[PDB]
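A short worksheet on the structure shown next.
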Amino acid sequence: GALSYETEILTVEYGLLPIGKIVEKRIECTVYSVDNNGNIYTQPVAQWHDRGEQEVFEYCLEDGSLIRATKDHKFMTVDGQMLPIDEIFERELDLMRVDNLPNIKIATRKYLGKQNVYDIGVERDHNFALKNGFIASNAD
(Lines give C-alpha, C1' and ligand atoms only; values in the text may rest on other atoms or scores of the structure.)
Protein backbone atom coordinates (compact mmCIF):
# COMPACT_ATOMS: atom_id res chain seq x y z
CA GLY A 1 0.00 0.00 0.00
CA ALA A 2 0.92 3.65 -0.37
CA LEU A 3 0.10 7.30 0.38
CA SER A 4 -0.51 10.34 -1.79
CA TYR A 5 2.42 12.70 -2.57
CA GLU A 6 1.18 15.46 -0.31
CA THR A 7 0.53 13.28 2.76
CA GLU A 8 2.54 14.93 5.57
CA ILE A 9 4.88 12.91 7.74
CA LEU A 10 6.13 14.11 11.13
CA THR A 11 9.95 14.35 11.29
CA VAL A 12 12.30 15.34 14.11
CA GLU A 13 14.65 17.38 11.94
CA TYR A 14 12.22 19.13 9.58
CA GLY A 15 8.76 18.96 11.08
CA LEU A 16 6.03 17.98 8.61
CA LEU A 17 7.24 16.99 5.09
CA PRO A 18 5.19 15.58 2.19
CA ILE A 19 6.04 11.88 1.77
CA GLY A 20 6.45 12.40 -1.99
CA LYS A 21 9.32 14.81 -1.30
CA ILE A 22 10.84 12.57 1.38
CA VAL A 23 10.92 9.74 -1.19
CA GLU A 24 11.88 11.66 -4.33
CA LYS A 25 14.85 13.27 -2.58
CA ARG A 26 15.52 10.25 -0.37
CA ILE A 27 15.59 12.60 2.59
CA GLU A 28 17.45 11.25 5.59
CA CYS A 29 15.15 11.97 8.50
CA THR A 30 13.75 10.58 11.70
CA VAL A 31 10.06 9.69 12.06
CA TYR A 32 7.81 8.75 14.99
CA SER A 33 6.62 5.17 15.59
CA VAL A 34 4.45 3.40 18.18
CA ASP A 35 5.27 0.07 19.85
CA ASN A 36 2.90 -2.68 21.17
CA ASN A 37 2.72 -0.96 24.58
CA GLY A 38 1.34 2.10 22.77
CA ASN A 39 4.45 4.21 23.44
CA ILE A 40 6.08 6.62 20.97
CA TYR A 41 9.72 6.43 19.90
CA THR A 42 11.77 7.74 17.00
CA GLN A 43 13.61 5.96 14.23
CA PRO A 44 15.32 6.82 10.95
CA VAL A 45 13.71 6.21 7.59
CA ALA A 46 15.47 3.09 6.22
CA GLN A 47 13.70 2.63 2.86
CA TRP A 48 12.14 5.08 0.43
CA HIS A 49 9.46 3.63 -1.91
CA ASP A 50 8.04 5.15 -5.12
CA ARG A 51 5.11 2.85 -5.92
CA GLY A 52 4.11 4.44 -9.23
CA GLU A 53 0.53 5.21 -10.30
CA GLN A 54 -2.07 3.53 -8.05
CA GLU A 55 -5.76 4.07 -7.23
CA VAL A 56 -6.13 6.61 -4.41
CA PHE A 57 -9.15 7.14 -2.13
CA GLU A 58 -9.73 10.15 0.05
CA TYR A 59 -10.91 9.20 3.52
CA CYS A 60 -12.53 12.01 5.44
CA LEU A 61 -12.50 11.70 9.23
CA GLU A 62 -15.23 12.91 11.62
CA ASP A 63 -13.00 15.91 12.44
CA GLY A 64 -12.75 16.82 8.74
CA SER A 65 -9.11 15.80 8.35
CA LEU A 66 -8.26 13.84 5.20
CA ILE A 67 -6.11 10.82 4.51
CA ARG A 68 -5.43 10.02 0.86
CA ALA A 69 -4.20 6.48 0.43
CA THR A 70 -4.47 3.28 -1.50
CA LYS A 71 -7.22 0.97 -0.07
CA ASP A 72 -4.65 -1.49 1.16
CA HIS A 73 -2.46 0.79 3.24
CA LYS A 74 -2.69 -0.31 6.85
CA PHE A 75 -3.33 2.08 9.74
CA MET A 76 -3.55 1.47 13.47
CA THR A 77 -6.98 1.11 15.09
CA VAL A 78 -7.79 1.32 18.81
CA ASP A 79 -7.56 -2.44 19.54
CA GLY A 80 -3.93 -2.08 18.40
CA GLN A 81 -4.59 -3.87 15.12
CA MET A 82 -3.02 -2.73 11.87
CA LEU A 83 -5.70 -2.95 9.21
CA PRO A 84 -6.02 -1.71 5.65
CA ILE A 85 -7.64 1.74 5.71
CA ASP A 86 -10.54 0.63 3.51
CA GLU A 87 -11.33 -2.12 6.02
CA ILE A 88 -11.17 0.43 8.85
CA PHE A 89 -13.65 2.56 6.89
CA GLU A 90 -15.96 -0.37 6.04
CA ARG A 91 -16.01 -1.79 9.56
CA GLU A 92 -16.42 1.71 11.06
CA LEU A 93 -13.47 1.38 13.43
CA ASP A 94 -11.78 4.26 15.27
CA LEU A 95 -8.29 5.19 14.05
CA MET A 96 -5.59 5.25 16.74
CA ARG A 97 -3.93 8.58 17.42
CA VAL A 98 -0.73 9.09 19.39
CA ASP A 99 -0.93 8.88 23.20
CA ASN A 100 -3.96 10.81 24.48
CA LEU A 101 -5.54 12.55 21.44
CA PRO A 102 -9.21 11.52 20.86
CA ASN A 103 -9.58 8.44 18.66
CA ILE A 104 -11.94 9.05 15.69
CA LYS A 105 -13.67 7.23 12.82
CA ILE A 106 -13.69 7.74 9.06
CA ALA A 107 -16.95 9.40 7.97
CA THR A 108 -16.77 9.16 4.16
CA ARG A 109 -14.68 7.83 1.23
CA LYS A 110 -14.23 9.48 -2.19
CA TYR A 111 -12.36 7.99 -5.14
CA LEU A 112 -9.58 10.24 -6.49
CA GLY A 113 -8.37 8.06 -9.39
CA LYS A 114 -4.77 7.05 -10.02
CA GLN A 115 -1.92 9.15 -8.62
CA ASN A 116 1.76 8.48 -8.12
CA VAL A 117 2.01 7.15 -4.54
CA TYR A 118 4.72 6.57 -1.95
CA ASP A 119 5.70 4.64 1.18
CA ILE A 120 8.59 4.62 3.60
CA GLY A 121 10.15 1.75 5.50
CA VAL A 122 11.57 1.63 9.01
CA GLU A 123 13.44 -1.12 10.87
CA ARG A 124 11.35 -1.68 14.04
CA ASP A 125 7.53 -1.96 14.28
CA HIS A 126 6.90 -0.80 10.69
CA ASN A 127 4.73 2.23 11.33
CA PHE A 128 5.10 6.02 11.26
CA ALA A 129 3.05 9.04 12.37
CA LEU A 130 1.34 11.47 9.96
CA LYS A 131 0.09 14.98 10.66
CA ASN A 132 -2.61 14.84 13.38
CA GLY A 133 -1.17 11.74 14.97
CA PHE A 134 -2.52 8.99 12.70
CA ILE A 135 -0.31 5.89 12.57
CA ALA A 136 0.36 4.46 9.07
CA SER A 137 1.61 0.85 9.07
CA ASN A 138 3.19 -1.81 6.84
CA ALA A 139 3.45 -4.64 9.38
CA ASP A 140 2.94 -8.32 8.46
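The chains in the C-alpha coordinates are called A, B, ... from first to last as shown; in each chain the residues are counted from 1, and the ligands are counted from 1 in the order shown.
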
Counting only C-alpha atoms, what is within 12 Å of region 26-33 of chain A, bar same-chain residues fewer than 3 positions away, as a PDB file with N, CA and C atoms, in the first residue's frame?
ATOM      1  N   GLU A   8       1.446  14.322   4.785  1.00  0.00           N
ATOM      2  CA  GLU A   8       2.537  14.928   5.567  1.00  0.00           C
ATOM      3  C   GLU A   8       2.964  14.021   6.701  1.00  0.00           C
ATOM      4  N   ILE A   9       4.270  13.765   6.747  1.00  0.00           N
ATOM      5  CA  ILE A   9       4.876  12.908   7.737  1.00  0.00           C
ATOM      6  C   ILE A   9       5.587  13.760   8.781  1.00  0.00           C
ATOM      7  N   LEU A  10       5.415  13.425  10.064  1.00  0.00           N
ATOM      8  CA  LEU A  10       6.134  14.112  11.131  1.00  0.00           C
ATOM      9  C   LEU A  10       7.603  13.670  11.168  1.00  0.00           C
ATOM     10  N   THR A  11       8.519  14.640  11.164  1.00  0.00           N
ATOM     11  CA  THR A  11       9.949  14.355  11.293  1.00  0.00           C
ATOM     12  C   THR A  11      10.580  15.186  12.397  1.00  0.00           C
ATOM     13  N   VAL A  12      11.612  14.624  13.021  1.00  0.00           N
ATOM     14  CA  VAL A  12      12.296  15.336  14.110  1.00  0.00           C
ATOM     15  C   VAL A  12      13.070  16.546  13.580  1.00  0.00           C
ATOM     16  N   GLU A  13      13.759  16.351  12.460  1.00  0.00           N
ATOM     17  CA  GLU A  13      14.653  17.378  11.943  1.00  0.00           C
ATOM     18  C   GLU A  13      13.908  18.526  11.261  1.00  0.00           C
ATOM     19  N   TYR A  14      12.822  18.203  10.561  1.00  0.00           N
ATOM     20  CA  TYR A  14      12.223  19.133   9.582  1.00  0.00           C
ATOM     21  C   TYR A  14      10.755  19.450   9.862  1.00  0.00           C
ATOM     22  N   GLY A  15      10.188  18.842  10.900  1.00  0.00           N
ATOM     23  CA  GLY A  15       8.759  18.964  11.085  1.00  0.00           C
ATOM     24  C   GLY A  15       8.013  18.188  10.016  1.00  0.00           C
ATOM     25  N   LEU A  16       6.852  18.691   9.592  1.00  0.00           N
ATOM     26  CA  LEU A  16       6.028  17.979   8.608  1.00  0.00           C
ATOM     27  C   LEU A  16       6.618  18.112   7.190  1.00  0.00           C
ATOM     28  N   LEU A  17       6.846  16.978   6.515  1.00  0.00           N
ATOM     29  CA  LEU A  17       7.237  16.988   5.092  1.00  0.00           C
ATOM     30  C   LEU A  17       6.305  16.088   4.290  1.00  0.00           C
ATOM     31  N   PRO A  18       6.010  16.467   3.037  1.00  0.00           N
ATOM     32  CA  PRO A  18       5.187  15.575   2.191  1.00  0.00           C
ATOM     33  C   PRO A  18       5.986  14.310   1.886  1.00  0.00           C
ATOM     34  N   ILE A  19       5.340  13.146   1.966  1.00  0.00           N
ATOM     35  CA  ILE A  19       6.045  11.877   1.772  1.00  0.00           C
ATOM     36  C   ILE A  19       6.628  11.792   0.355  1.00  0.00           C
ATOM     37  N   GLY A  20       5.942  12.384  -0.617  1.00  0.00           N
ATOM     38  CA  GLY A  20       6.454  12.398  -1.988  1.00  0.00           C
ATOM     39  C   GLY A  20       7.816  13.084  -2.092  1.00  0.00           C
ATOM     40  N   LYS A  21       8.023  14.146  -1.308  1.00  0.00           N
ATOM     41  CA  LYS A  21       9.319  14.813  -1.297  1.00  0.00           C
ATOM     42  C   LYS A  21      10.356  13.991  -0.530  1.00  0.00           C
ATOM     43  N   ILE A  22       9.949  13.409   0.599  1.00  0.00           N
ATOM     44  CA  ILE A  22      10.838  12.565   1.383  1.00  0.00           C
ATOM     45  C   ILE A  22      11.364  11.445   0.473  1.00  0.00           C
ATOM     46  N   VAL A  23      10.485  10.821  -0.305  1.00  0.00           N
ATOM     47  CA  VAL A  23      10.922   9.740  -1.187  1.00  0.00           C
ATOM     48  C   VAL A  23      11.716  10.226  -2.394  1.00  0.00           C
ATOM     49  N   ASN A  36       4.058  -1.898  20.709  1.00  0.00           N
ATOM     50  CA  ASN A  36       2.897  -2.676  21.174  1.00  0.00           C
ATOM     51  C   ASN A  36       2.326  -2.224  22.528  1.00  0.00           C
ATOM     52  N   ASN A  37       3.152  -1.534  23.306  1.00  0.00           N
ATOM     53  CA  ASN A  37       2.717  -0.964  24.578  1.00  0.00           C
ATOM     54  C   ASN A  37       2.077   0.426  24.385  1.00  0.00           C
ATOM     55  N   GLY A  38       1.996   0.854  23.131  1.00  0.00           N
ATOM     56  CA  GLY A  38       1.336   2.101  22.767  1.00  0.00           C
ATOM     57  C   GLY A  38       2.188   3.335  23.029  1.00  0.00           C
ATOM     58  N   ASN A  39       3.498   3.126  23.172  1.00  0.00           N
ATOM     59  CA  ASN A  39       4.453   4.206  23.438  1.00  0.00           C
ATOM     60  C   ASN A  39       5.196   4.685  22.200  1.00  0.00           C
ATOM     61  N   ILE A  40       5.433   5.996  22.135  1.00  0.00           N
ATOM     62  CA  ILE A  40       6.082   6.620  20.970  1.00  0.00           C
ATOM     63  C   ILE A  40       7.600   6.531  21.065  1.00  0.00           C
ATOM     64  N   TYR A  41       8.267   6.302  19.933  1.00  0.00           N
ATOM     65  CA  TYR A  41       9.722   6.425  19.901  1.00  0.00           C
ATOM     66  C   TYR A  41      10.109   6.847  18.505  1.00  0.00           C
ATOM     67  N   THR A  42      11.358   7.266  18.322  1.00  0.00           N
ATOM     68  CA  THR A  42      11.771   7.739  17.004  1.00  0.00           C
ATOM     69  C   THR A  42      12.675   6.726  16.305  1.00  0.00           C
ATOM     70  N   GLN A  43      12.654   6.748  14.983  1.00  0.00           N
ATOM     71  CA  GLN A  43      13.615   5.959  14.226  1.00  0.00           C
ATOM     72  C   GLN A  43      13.850   6.542  12.839  1.00  0.00           C
ATOM     73  N   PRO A  44      15.040   6.289  12.287  1.00  0.00           N
ATOM     74  CA  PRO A  44      15.317   6.821  10.950  1.00  0.00           C
ATOM     75  C   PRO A  44      14.544   6.107   9.857  1.00  0.00           C
ATOM     76  N   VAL A  45      14.229   6.834   8.789  1.00  0.00           N
ATOM     77  CA  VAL A  45      13.707   6.207   7.587  1.00  0.00           C
ATOM     78  C   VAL A  45      14.825   5.305   7.038  1.00  0.00           C
ATOM     79  N   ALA A  46      14.492   4.050   6.732  1.00  0.00           N
ATOM     80  CA  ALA A  46      15.472   3.088   6.223  1.00  0.00           C
ATOM     81  C   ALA A  46      15.238   2.721   4.751  1.00  0.00           C
ATOM     82  N   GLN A  47      13.993   2.821   4.284  1.00  0.00           N
ATOM     83  CA  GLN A  47      13.700   2.626   2.864  1.00  0.00           C
ATOM     84  C   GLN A  47      12.767   3.695   2.338  1.00  0.00           C
ATOM     85  N   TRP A  48      12.986   4.088   1.085  1.00  0.00           N
ATOM     86  CA  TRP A  48      12.137   5.079   0.428  1.00  0.00           C
ATOM     87  C   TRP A  48      11.487   4.423  -0.794  1.00  0.00           C
ATOM     88  N   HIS A  49      10.148   4.383  -0.855  1.00  0.00           N
ATOM     89  CA  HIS A  49       9.462   3.628  -1.913  1.00  0.00           C
ATOM     90  C   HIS A  49       8.598   4.518  -2.828  1.00  0.00           C
ATOM     91  N   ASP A  50       8.897   4.507  -4.122  1.00  0.00           N
ATOM     92  CA  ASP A  50       8.043   5.152  -5.121  1.00  0.00           C
ATOM     93  C   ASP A  50       7.240   4.024  -5.769  1.00  0.00           C
ATOM     94  N   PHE A  75      -3.396   1.044   8.711  1.00  0.00           N
ATOM     95  CA  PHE A  75      -3.326   2.078   9.736  1.00  0.00           C
ATOM     96  C   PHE A  75      -3.677   1.426  11.058  1.00  0.00           C
ATOM     97  N   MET A  76      -3.275   2.044  12.164  1.00  0.00           N
ATOM     98  CA  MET A  76      -3.547   1.465  13.471  1.00  0.00           C
ATOM     99  C   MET A  76      -4.950   1.831  13.967  1.00  0.00           C
ATOM    100  N   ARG A  97      -4.834   7.433  17.464  1.00  0.00           N
ATOM    101  CA  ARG A  97      -3.933   8.584  17.417  1.00  0.00           C
ATOM    102  C   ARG A  97      -2.946   8.489  18.570  1.00  0.00           C
ATOM    103  N   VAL A  98      -1.817   9.178  18.429  1.00  0.00           N
ATOM    104  CA  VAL A  98      -0.727   9.087  19.395  1.00  0.00           C
ATOM    105  C   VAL A  98      -1.151   9.491  20.802  1.00  0.00           C
ATOM    106  N   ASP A  99      -0.638   8.729  21.769  1.00  0.00           N
ATOM    107  CA  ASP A  99      -0.931   8.885  23.197  1.00  0.00           C
ATOM    108  C   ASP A  99      -2.381   9.223  23.578  1.00  0.00           C
ATOM    109  N   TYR A 118       3.436   6.746  -2.638  1.00  0.00           N
ATOM    110  CA  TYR A 118       4.720   6.571  -1.947  1.00  0.00           C
ATOM    111  C   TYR A 118       4.578   5.810  -0.640  1.00  0.00           C
ATOM    112  N   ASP A 119       5.678   5.229  -0.167  1.00  0.00           N
ATOM    113  CA  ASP A 119       5.699   4.640   1.177  1.00  0.00           C
ATOM    114  C   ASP A 119       7.099   4.796   1.727  1.00  0.00           C
ATOM    115  N   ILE A 120       7.240   4.690   3.038  1.00  0.00           N
ATOM    116  CA  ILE A 120       8.587   4.624   3.597  1.00  0.00           C
ATOM    117  C   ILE A 120       8.677   3.386   4.459  1.00  0.00           C
ATOM    118  N   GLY A 121       9.899   2.908   4.656  1.00  0.00           N
ATOM    119  CA  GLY A 121      10.147   1.751   5.497  1.00  0.00           C
ATOM    120  C   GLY A 121      11.013   2.128   6.673  1.00  0.00           C
ATOM    121  N   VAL A 122      10.747   1.489   7.820  1.00  0.00           N
ATOM    122  CA  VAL A 122      11.566   1.629   9.010  1.00  0.00           C
ATOM    123  C   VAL A 122      11.950   0.231   9.521  1.00  0.00           C
ATOM    124  N   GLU A 123      12.873   0.165  10.468  1.00  0.00           N
ATOM    125  CA  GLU A 123      13.441  -1.125  10.872  1.00  0.00           C
ATOM    126  C   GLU A 123      12.686  -1.879  11.981  1.00  0.00           C
ATOM    127  N   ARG A 124      12.136  -1.124  12.936  1.00  0.00           N
ATOM    128  CA  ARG A 124      11.348  -1.681  14.038  1.00  0.00           C
ATOM    129  C   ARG A 124       9.880  -1.301  13.850  1.00  0.00           C
ATOM    130  N   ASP A 125       8.983  -2.207  14.241  1.00  0.00           N
ATOM    131  CA  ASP A 125       7.531  -1.964  14.278  1.00  0.00           C
ATOM    132  C   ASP A 125       6.816  -1.670  12.950  1.00  0.00           C
ATOM    133  N   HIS A 126       7.503  -1.034  12.008  1.00  0.00           N
ATOM    134  CA  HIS A 126       6.900  -0.798  10.686  1.00  0.00           C
ATOM    135  C   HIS A 126       5.653   0.087  10.710  1.00  0.00           C
ATOM    136  N   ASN A 127       5.760   1.215  11.407  1.00  0.00           N
ATOM    137  CA  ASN A 127       4.727   2.230  11.335  1.00  0.00           C
ATOM    138  C   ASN A 127       5.351   3.611  11.509  1.00  0.00           C
ATOM    139  N   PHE A 128       4.589   4.656  11.179  1.00  0.00           N
ATOM    140  CA  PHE A 128       5.100   6.025  11.264  1.00  0.00           C
ATOM    141  C   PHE A 128       3.915   6.975  11.389  1.00  0.00           C
ATOM    142  N   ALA A 129       4.116   8.086  12.092  1.00  0.00           N
ATOM    143  CA  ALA A 129       3.053   9.038  12.373  1.00  0.00           C
ATOM    144  C   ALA A 129       2.907  10.102  11.277  1.00  0.00           C
ATOM    145  N   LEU A 130       1.658  10.395  10.915  1.00  0.00           N
ATOM    146  CA  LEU A 130       1.335  11.473   9.964  1.00  0.00           C
ATOM    147  C   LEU A 130       0.927  12.686  10.771  1.00  0.00           C
ATOM    148  N   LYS A 131       0.762  13.815  10.082  1.00  0.00           N
ATOM    149  CA  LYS A 131       0.087  14.982  10.662  1.00  0.00           C
ATOM    150  C   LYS A 131      -1.187  14.538  11.360  1.00  0.00           C
ATOM    151  N   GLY A 133      -1.442  12.831  14.059  1.00  0.00           N
ATOM    152  CA  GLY A 133      -1.166  11.735  14.969  1.00  0.00           C
ATOM    153  C   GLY A 133      -1.688  10.379  14.524  1.00  0.00           C
ATOM    154  N   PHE A 134      -2.116  10.281  13.269  1.00  0.00           N
ATOM    155  CA  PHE A 134      -2.524   8.992  12.696  1.00  0.00           C
ATOM    156  C   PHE A 134      -1.284   8.119  12.507  1.00  0.00           C
ATOM    157  N   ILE A 135      -1.457   6.805  12.647  1.00  0.00           N
ATOM    158  CA  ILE A 135      -0.308   5.887  12.572  1.00  0.00           C
ATOM    159  C   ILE A 135      -0.439   4.980  11.344  1.00  0.00           C
ATOM    160  N   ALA A 136       0.369   5.249  10.314  1.00  0.00           N
ATOM    161  CA  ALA A 136       0.363   4.460   9.073  1.00  0.00           C
ATOM    162  C   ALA A 136       1.280   3.263   9.285  1.00  0.00           C
ATOM    163  N   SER A 137       0.888   2.099   8.780  1.00  0.00           N
ATOM    164  CA  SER A 137       1.605   0.854   9.069  1.00  0.00           C
ATOM    165  C   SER A 137       1.825  -0.007   7.814  1.00  0.00           C
ATOM    166  N   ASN A 138       2.925  -0.766   7.837  1.00  0.00           N
ATOM    167  CA  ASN A 138       3.187  -1.808   6.840  1.00  0.00           C
ATOM    168  C   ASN A 138       3.683  -3.107   7.496  1.00  0.00           C
TER     169      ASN A 138
END

Name the residues of region 19-120 of chain A that come out as helix (DSSP H, G or I) in a backbone DSSP run; write them as JSON, numbers by chain.
{"A": [19, 20, 21, 22, 23, 24, 85, 86, 87, 88, 89, 90]}

List as a list in words the protein and nucleic acid residues near residue 90 (chain A), meaning an atom at most 12 Å away when only C-alpha atoms are counted, but skip any in the same chain fewer than 6 places from it.
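The residues that qualify are residues 59, 71, 83, 84, 105, 106, 107, 108 and 109 of chain A.
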
Selection above as a file: N, CA and C atoms, as a short mmCIF file (atom, residue, chain, number, x, y, z; two decimals), in the first residue's frame:
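part_25.cif, written as the output of this step:
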data_model
loop_
_atom_site.label_atom_id
_atom_site.label_comp_id
_atom_site.auth_asym_id
_atom_site.auth_seq_id
_atom_site.Cartn_x
_atom_site.Cartn_y
_atom_site.Cartn_z
N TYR A 59 -10.11 9.59 2.37
CA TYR A 59 -10.91 9.20 3.52
C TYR A 59 -11.05 10.43 4.39
N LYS A 71 -6.35 1.78 -0.95
CA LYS A 71 -7.22 0.97 -0.07
C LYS A 71 -6.48 0.04 0.85
N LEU A 83 -4.77 -2.48 10.22
CA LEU A 83 -5.70 -2.95 9.21
C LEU A 83 -5.68 -2.02 8.02
N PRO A 84 -5.92 -2.57 6.83
CA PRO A 84 -6.02 -1.71 5.65
C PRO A 84 -7.04 -0.61 5.90
N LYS A 105 -13.34 8.10 13.95
CA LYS A 105 -13.67 7.23 12.82
C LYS A 105 -13.66 7.95 11.48
N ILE A 106 -13.64 7.17 10.39
CA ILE A 106 -13.69 7.74 9.06
C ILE A 106 -15.17 7.89 8.70
N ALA A 107 -15.56 9.10 8.31
CA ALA A 107 -16.95 9.40 7.97
C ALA A 107 -17.31 8.99 6.53
N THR A 108 -16.47 9.38 5.57
CA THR A 108 -16.77 9.16 4.16
C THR A 108 -15.52 8.77 3.35
N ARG A 109 -15.75 8.24 2.14
CA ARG A 109 -14.68 7.83 1.23
C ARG A 109 -15.05 8.37 -0.15
#

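Using only C-alpha atoms, the protein and nucleic acid residues lying no more than 7 Å from residue 1 (chain A), apart from those fewer than 3 places from it along its own chain, are residues 70, 72 and 73 of chain A.
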